[PDB]
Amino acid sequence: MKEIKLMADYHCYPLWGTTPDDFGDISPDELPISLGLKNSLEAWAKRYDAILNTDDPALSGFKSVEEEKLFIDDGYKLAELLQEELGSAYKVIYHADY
């Protein structure tokens, strides 16, 4: 059994281990999933990286409330696809708060 947390963080892969032995981000390429899902997960992480204001990070954010909603909406759908592709050998938990 392995827990995988789906969660975007700046300049990280959007997948995380949840025990002290495997803390840290996880490349989608390390998981037994489809190329399409790997690409979708990396596209979602790229959208989060884009909200970072690197020169003044306190100003980071989405362009609108609706853009944030769409980002969170899409993460739910990716988490559900990830759980389906990984089956019962993995437990997916989605971090929904941004």
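Counting begins at 1, following the sequence as shown.
Participant: Quick check on the record: does 44 to 52 or 58 to 66 carry the larger mean Cα temperature factor?
Facilitator: Looking at the record's C-alpha B-factors, the answer is 58 to 66.
Participant: Given the B-factors recorded for C-alpha atoms, which segment has the greater mean, 7 to 15 or 83 to 91?
Facilitator: Result: 83 to 91.
Participant: Where does the C-alpha B-factor of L37 rank in its chain, lowest, middle or highest third?
Facilitator: It belongs to the middle third of the chain when residues are ordered by C-alpha B-factor.
Participant: Taking the chain's C-alpha temperature factors as the reference, tell me which third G24 falls into: lowest, middle or highest.
Facilitator: According to the entry, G24 has a C-alpha B-factor in the chain's middle third.
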